[PDB]
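To keep things clear, I will list the structure first and then write my remarks on it.
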Amino acid sequence: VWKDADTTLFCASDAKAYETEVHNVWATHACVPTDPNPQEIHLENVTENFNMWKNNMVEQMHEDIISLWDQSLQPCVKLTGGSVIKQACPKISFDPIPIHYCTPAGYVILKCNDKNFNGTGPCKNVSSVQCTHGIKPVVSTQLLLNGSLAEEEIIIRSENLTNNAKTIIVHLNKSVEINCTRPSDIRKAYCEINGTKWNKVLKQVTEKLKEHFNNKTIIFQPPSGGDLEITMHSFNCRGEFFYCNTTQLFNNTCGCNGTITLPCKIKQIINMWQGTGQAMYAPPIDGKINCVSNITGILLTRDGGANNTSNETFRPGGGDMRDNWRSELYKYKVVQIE
Ligand SMILES: CNCc1ccc2c(c1)C[C@H](CNC(=N)N)[C@H]2NC(=O)C(=O)Nc1ccc(Cl)c(F)c1
Ligand SMILES: *[C@@H]1O[C@H](CO)[C@@H](O)[C@H](O)[C@H]1NC(C)=O
Ligand SMILES: *[C@@H]1O[C@H](CO)[C@@H](O)[C@H](O)[C@H]1NC(C)=O
Ligand SMILES: *[C@@H]1O[C@H](CO)[C@@H](O)[C@H](O)[C@H]1NC(C)=O
Ligand SMILES: *[C@@H]1O[C@H](CO)[C@@H](O)[C@H](O)[C@H]1NC(C)=O
Ligand SMILES: *[C@@H]1O[C@H](CO)[C@@H](O)[C@H](O)[C@H]1NC(C)=O
Ligand SMILES: *[C@@H]1O[C@H](CO)[C@@H](O)[C@H](O)[C@H]1NC(C)=O
Ligand SMILES: *[C@@H]1O[C@H](CO)[C@@H](O)[C@H](O)[C@H]1NC(C)=O
Ligand SMILES: *[C@@H]1O[C@H](CO)[C@@H](O)[C@H](O)[C@H]1NC(C)=O
Ligand SMILES: *[C@@H]1O[C@H](CO)[C@@H](O)[C@H](O)[C@H]1NC(C)=O
Ligand SMILES: *[C@@H]1O[C@H](CO)[C@@H](O)[C@H](O)[C@H]1NC(C)=O
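Count along the sequence shown from 1, add 20, and you get the number used in this note's numbering.
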């Protein structure tokens with residue numbers, strides 16, 4: 021028998037002791053080795069209530085990735101609270117590895133196994149684990165990359181679908197590849213996407229949004245302002261910060277069924293996701309830079325004033341990295357064995 025409780029977690033990883041890669045190096049000194057023989061125990065006659073939007077596991081993983089990034093990414097110049105920090109800025113090797121989050125003695129992790137569980141409310145197929153599965157701390161906006169997929173249906177996850185400032189997390193069941201490259205202006209980059217698969221999955225998601233918003237007309241629109249970090253789909257590829265224009269995906273047109281080519285730029289000055297200010301890095305490395313990533317989720321914000329209007333308007337959201345961890349941690353919760 022158990023009780024809801026918060027506790028300090030510890031991380032586990034398949035990290036290589038001989039790697040120079042920064043994620044491996046952080047987990048070699050901050051995490052344990054993954055359990056060589058994990059045990060999931062299904063708990064019968066048991067229904068449990070979950071809530072991904074009030075889950076302390078998210079804020080603890082957030083804390084970890086903050087610290088991994090400040091130990092691994094060394095910008096030339098940091099501009100925080102008036103201070104201006106000059107540093108060394110060698111190029112690093114960057115490629116995230118899965119992290120597992122594990123309870124200490126006396127506590128345990130309950131797992132929701134309902135395939136169409138939306139994130140809040142009851143779960144009747146519940147298991148028990150000592151560690152979560154392997155989660156990749158991928159930092160990005162608009163699109164959630166290299167994550168896990170919904171088992172059955174596309175799932176809409178939000179704290180309050182009526183609050184328009186409450187972000188929406190769309191969990192796909194079919195991943196779409198995005199192939200982003202800077203070949204051998206050295207900051208010009210691009211991304212290739214199957215419009216065939218994108219527009220079909222996009223149409224499937226607007227069907228899902230009709231269910232939650234009284235059959236109304238779903239309209240996709242580009243971000244209506246902000247810094248480049250949220251107006252573009254931004255991510256780190258091998259240590260370089262990419263900024264990609266995604267208006268061709270957030271578009272209601274679809275003569276369009278081939279490959280979509282998104283324009284991208286590698287930026288050296290960025291607004292940090294940790295909130296601490298600005299940072300400037302060094303020019304990108306020699307040679308072809310290439311990352312192929314799975315799109316497994318979308319982040320969205322709904323427009324306002326349409327209380328009386330016939331349609332609903334959704335634009336690609338992002339910015340708060342806590343929602344990125346929420347999208348992989350939603351099915352877990354820590355409880356104290358009483
Ligand atoms: C409704 N949303 C609220 C909202 C909106 C925008 C933002 C926050 C919250 C937080 C954060 C504030 N910090 C700041 N303004 N300097 C700011 N996020 C970021 O700057 C950010 O993610 N950058 C970033 C860096 C690198 C990569 Cl690869 C990347 F993919 C993204
Ligand atoms: C509970 O979840 C498991 C794992 O996903 C799956 O086999 C099935 O949906 C459920 N099985 C039982 C016995 O409850
Ligand atoms: C999720 O399901 C619960 C009931 O299990 C319901 O109260 C809530 O409105 C649902 N939210 C969404 C976004 O579907
Ligand atoms: C991408 O998705 C496919 C299937 O959806 C899977 O086989 C592959 O391992 C995924 N890659 C990553 C990095 O998640
Ligand atoms: C994903 O879920 C949607 C329901 O929104 C469904 O129509 C679609 O067929 C599913 N795709 C797969 C591959 O199961
Ligand atoms: C969702 O937000 C609306 C708008 O403020 C609010 O009136 C409503 O109470 C919220 N829904 C819930 C279930 O709290
Ligand atoms: C990614 O794009 C590059 C350049 O367009 C190409 O050489 C490579 O084969 C692509 N990879 C995949 C998996 O499509
Ligand atoms: C929404 O539209 C579908 C169309 O298949 C219909 O079956 C359903 O009853 C409608 N719901 C509402 C609330 O109008
Ligand atoms: C993205 O491209 C469109 C034209 O396709 C352009 O109007 C828009 O300004 C671009 N996005 C940003 C953030 O500049
Ligand atoms: C888009 O996906 C389909 C799979 O349904 C694949 O056959 C096709 O090659 C992809 N697009 C391109 C341009 O190759
Ligand atoms: C997704 O995974 C592949 C292989 O694991 C990797 O090359 C790519 O860089 C990842 N995507 C991002 C955005 O890091």
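C-beta atoms are modelled at their ideal positions from N, C-alpha and C, and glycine is treated no differently.
Pair within 8 Å by beta-carbon distance, residue i and residue j
{"i": "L222", "j": "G317", "result": "no"}
{"i": "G154", "j": "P118", "result": "yes"}
{"i": "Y121", "j": "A25", "result": "no"}
{"i": "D84", "j": "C31", "result": "yes"}
{"i": "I286", "j": "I213", "result": "no"}
{"i": "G215", "j": "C276", "result": "yes"}
{"i": "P116", "j": "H43", "result": "yes"}
{"i": "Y301", "j": "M77", "result": "no"}
{"i": "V312", "j": "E197", "result": "yes"}
{"i": "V146", "j": "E68", "result": "yes"}
{"i": "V354", "j": "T27", "result": "yes"}
{"i": "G338", "j": "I238", "result": "no"}
{"i": "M72", "j": "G139", "result": "yes"}
{"i": "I176", "j": "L192", "result": "no"}
{"i": "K135", "j": "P203", "result": "no"}
{"i": "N310", "j": "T201", "result": "yes"}
{"i": "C132", "j": "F233", "result": "no"}
{"i": "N314", "j": "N180", "result": "no"}
{"i": "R207", "j": "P304", "result": "yes"}
{"i": "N271", "j": "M252", "result": "no"}
{"i": "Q356", "j": "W22", "result": "yes"}
{"i": "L93", "j": "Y210", "result": "no"}
{"i": "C274", "j": "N328", "result": "no"}
Separation of residue j from residue i, as counted between CA atoms
{"i": "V104", "j": "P95", "result": "11 Å"}
{"i": "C284", "j": "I290", "result": "14 Å"}
{"i": "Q162", "j": "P336", "result": "5 Å"}
{"i": "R342", "j": "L269", "result": "24 Å"}
{"i": "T100", "j": "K111", "result": "22 Å"}
{"i": "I86", "j": "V158", "result": "12 Å"}
{"i": "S113", "j": "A47", "result": "15 Å"}
{"i": "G295", "j": "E231", "result": "36 Å"}
{"i": "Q241", "j": "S148", "result": "41 Å"}
{"i": "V97", "j": "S254", "result": "20 Å"}
{"i": "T182", "j": "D323", "result": "11 Å"}
{"i": "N65", "j": "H49", "result": "41 Å"}
{"i": "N331", "j": "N184", "result": "14 Å"}
{"i": "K36", "j": "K236", "result": "51 Å"}
{"i": "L349", "j": "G141", "result": "15 Å"}
{"i": "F262", "j": "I188", "result": "23 Å"}
{"i": "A170", "j": "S347", "result": "10 Å"}
{"i": "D306", "j": "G278", "result": "30 Å"}
{"i": "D205", "j": "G297", "result": "27 Å"}
{"i": "residue 15", "j": "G259", "result": "With the chain covering only 21 through 358, there is no way to say anything about residue 15."}
{"i": "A299", "j": "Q107", "result": "11 Å"}
Near ligand 3: residue i beta-carbon under 7 Å from a heavy atom
{"i": "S347", "result": "no"}
{"i": "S178", "result": "yes"}
{"i": "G337", "result": "no"}
{"i": "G141", "result": "yes"}
Residue i beta carbon near ligand 5 (any heavy atom closer than 7 Å)
{"i": "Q162", "result": "no"}
{"i": "residue 369", "result": "With the chain covering only 21 through 358, there is no way to say anything about residue 369."}
{"i": "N327", "result": "no"}
{"i": "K223", "result": "no"}
{"i": "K220", "result": "no"}
beta-carbon residue i near ligand 7 non-hydrogen atom, thresh 7 Å
{"i": "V159", "result": "no"}
{"i": "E41", "result": "no"}
{"i": "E212", "result": "yes"}
{"i": "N57", "result": "no"}
Closer than 7 Å: residue i CB and nearest ligand 4 heavy atom
{"i": "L169", "result": "yes"}
beta-carbon residue i near ligand 9 non-hydrogen atom, thresh 7 Å
{"i": "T267", "result": "yes"}
{"i": "residue 360", "result": "The chain is shown only over 21 to 358; residue 360 falls outside these bounds and no answer can be derived."}
Residue i CB to nearest heavy atom of ligand 11 below 7 Å
{"i": "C264", "result": "no"}
{"i": "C284", "result": "no"}
**Message:** Give me the pocket residues for ligand 6, defined as CB within less than 6 Å of any heavy atom, sorted by chain position.
**Reply:** My final list is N180, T182, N183.
**Message:** Using a strict less-than 5 Å threshold between each residue's beta carbon and the heavy atoms of ligand 2, what residues do you get?
**Reply:** For ligand 2, residues qualifying as neighbours are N133, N145, where qualification means a beta carbon closer than 5 Å to at least one of its heavy atoms (chain order).
**Request:** Entirely within the segment 224-272 and at least 4 residues each: give me those alpha helix (DSSP H) ranges in chain order.
**Result:** Listed in chain order, the complete alpha helix (DSSP H) runs (minimum 4 residues) inside the segment 224-272 are 248-251.
**Prompt:** What does the shell around ligand 10 hold, if a residue joins when its beta-carbon is under 7 Å from any heavy atom?
**Reply:** Working through the chain, the matches are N214, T216, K217, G278, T279.
**Asked** Can you list the alpha helix (DSSP H) stretches of 4 or more residues lying completely in the segment 73-138, in chain order?
**Response** Fully enclosed alpha helix (DSSP H) runs of 4 or longer: 76-92.
**Request:** Can you check the segment 169-231 for any beta strand (DSSP E) of at least 3 residues that lies completely inside it and give the ranges in chain order?
**Result:** Fully enclosed beta strand (DSSP E) runs of 3 or longer: 175-177, 188-202, 208-214.
**Item:** Chain-ordered residues, beta carbon under 5 Å from a heavy atom of ligand 4
**Value:** Every residue passing the under-5 Å Cβ criterion appears here: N166, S195, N314.
**Sequence-ordered residues whose beta carbon comes within less than 6 Å of a heavy atom of ligand 8** = Cβ-based neighbours of ligand 8 within the cut-off: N234, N235.
**Length-filtered (3 minimum) beta strand (DSSP E) runs lying within the segment 21-54** = Along the length of the segment 21-54, whole beta strand (DSSP E) runs at least 3 residues long occupy 22-24, 30-33, reported in chain order.
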